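Notes for the one structure printed next.
Protein chains get the first letters and strands the later ones, always in sequence-line order, with residue 1 at the start of each. Quick note: numbers below take in every heavy atom, side chains included, and nothing from hydrogens, waters or symmetry partners.
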Amino acid sequence: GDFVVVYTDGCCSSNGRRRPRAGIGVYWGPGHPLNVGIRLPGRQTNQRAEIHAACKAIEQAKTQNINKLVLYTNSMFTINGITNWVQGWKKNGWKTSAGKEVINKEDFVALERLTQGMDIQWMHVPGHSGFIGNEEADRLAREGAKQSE
RNA sequence: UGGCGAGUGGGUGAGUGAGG
RNA sequence: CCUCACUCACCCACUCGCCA
């Protein structure tokens with residue numbers, strides 16, 4: 001009704017190896033025309049793919065005039081980054097607790113921008129758990145990673 | 001004082017490669 | 001699902017360093 005459920009995933013074959021390929025998947029439901037599986041731009045890593053899958057879902061929601069989302073992801077790094085860490089980063093100059101610069105600053109800046117004006121329930125997909133929407137987003141992400149950058 | 005680096009302990013969750 | 005080998009990057013504490 002009021003909120004719309006979306007599943008997101010970012011994947012990266014060869015994460016940490018010499019030829020990484022990162023993809024994003026966004027799943028709105030069976031046959032939904034906004035389902036996407038696309039290649040990630042920029043540095044090819046799992047963490048950026050997980051962040052940008054969430055960004056893509058929010059961007060798409062705004063094109064549909066949706067401002068209330070239930071956004072699933074398996075990435076607690078993405079969830080805790082956007083719900084807890086970016087507030088402190090804006091306040092301290094984007095330094096980690098170890099005193100180093102946040103590596104994916106520009107990705108979290110992009111995500112934070114996209115969350116303005118949105119009500120999002122950020123939902124962690126529990127390990128295993130048989131959520132078909134999560135497996136569908138994962139398959140879309142793997143399709144995207146096979147596409148050209 | 002201001003910049004970096006390599007590690008250790010404890011956490012949070014992910015992404016892989018070779019196999020079977 | 002299992003084995004072996006990994007990174008991605010955050011939250012919190014620490015250690016030893018390099019530079020000006």
Review point. Can you check whether A:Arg17's main-chain N or O pairs, donor with acceptor, with A:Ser14's side chain at less than 3.5 Å?
Key: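 The answer is no, because no donor-acceptor pair under 3.5 Å joins these two groups.
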What pucker do you get for [N] when you go by the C1'-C2'-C3'-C4' torsion?
N: C:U7; result: south
N: C:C12; result: north
N: C:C10; result: north
N: C:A9; result: south

For [X] and [N], what is the distance between atoms [atom1] and [atom2] respectively, to the nearest whole Å?
X: A:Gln87; N: C:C11; atom1: CD; atom2: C1'; value: 14 Å
X: A:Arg43; N: C:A9; atom1: CZ; atom2: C1'; value: 10 Å
X: A:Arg48; N: C:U7; atom1: CZ; atom2: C1'; value: 16 Å
X: A:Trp94; N: C:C11; atom1: CH2; atom2: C1'; value: 16 Å
X: A:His128; N: C:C1; atom1: NE2; atom2: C1'; value: 9 Å
X: A:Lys95; N: C:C12; atom1: NZ; atom2: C1'; value: 18 Å
X: A:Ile103; N: C:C10; atom1: CD1; atom2: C1'; value: 9 Å
X: A:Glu106; N: C:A9; atom1: CD; atom2: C1'; value: 17 Å

Check your understanding: Which atoms form the tightest heavy-atom contact between A:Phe108 and A:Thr78, and what is the distance?
Key ->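 Closest heavy-atom pair between A:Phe108 and A:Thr78: CE2-O, 4.3 Å.
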Check your understanding: Which heavy atom of A:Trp122 sits nearest a heavy atom of A:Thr115, and at what distance?
Key ->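 Heavy atoms only, the tightest pair is CZ2-CG2, 4.1 Å.
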Review point. Can we say A:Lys90 and A:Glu112 salt-bridge, meaning some charged N sits less than 4.0 Å from an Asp/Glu carboxylate O?
Key: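 A salt bridge links A:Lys90 with A:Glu112.
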Exercise for review: Give me the one residue out of A:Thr8, A:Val125, A:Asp9 that meets side-chain contact (heavy atoms from CB on, under 4.5 Å) with A:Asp138.
Suggested key: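 Result for side-chain contact (heavy atoms from CB on, under 4.5 Å) with A:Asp138: A:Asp9.
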Review point. OP1, OP2 of B:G3 versus side-chain N and O of A:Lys100: anything below 4.0 Å?
Key: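 No, because none of the side-chain N or O atoms of A:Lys100 sits under 4.0 Å from OP1 or OP2 of B:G3.
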Exercise for review: Might you work through the side-chain contact (heavy atoms from CB on, under 4.5 Å) test for A:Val6 and A:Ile58, ending with a clear yes or no?
Suggested key: CA-CA 9 Å; A:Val6 60; A:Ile58 296 162; over 6 Å; no
**Study point:** Where at least one partner belongs to residues 37-75 of chain A, residue pairs that pass ring pair (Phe, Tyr, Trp, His ring centres under 6.0 Å), sequence neighbours excluded
**Key:**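 Ring pair (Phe, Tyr, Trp, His ring centres under 6.0 Å) check on residues 37-75 of chain A returns A:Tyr7-A:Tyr72, A:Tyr72-A:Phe131.
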Study note, to complete from the structure: Protein heavy-atom contacts under 4.0 Å, written 5' to 3' over nucleotides 12-20 of chain B as B (base), S (sugar-phosphate only) or - (none), form the string SBBBSS---
Exercise for review: Decide whether A:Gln44 and A:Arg39 meet the rule of one side-chain donor and one side-chain acceptor closer than 3.5 Å.
Suggested key: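 Side chains of A:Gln44 and A:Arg39: pair found under 3.5 Å.
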Review point. Going through the checks in order, is the side-chain contact (heavy atoms from CB on, under 4.5 Å) test met by A:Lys95 and A:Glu101?
Key: CA-CA 5 Å; A:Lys95 300 310 187 172; A:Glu101 190 76 9; 2.7 Å; yes
Check your understanding: So what does A:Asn104 touch, heavy atoms closer than 4.0 Å: a base, only the sugar-phosphate, or nothing?
Key ->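 Sugar-phosphate only.
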Practice item. Quantify the bending of the helix from B:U1-C:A20 to B:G20-C:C1 as the angle between its end axes, each fitted on five pairs, to 10°. Key: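 For the helix from B:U1-C:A20 to B:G20-C:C1, the axes at either end differ by 50°.
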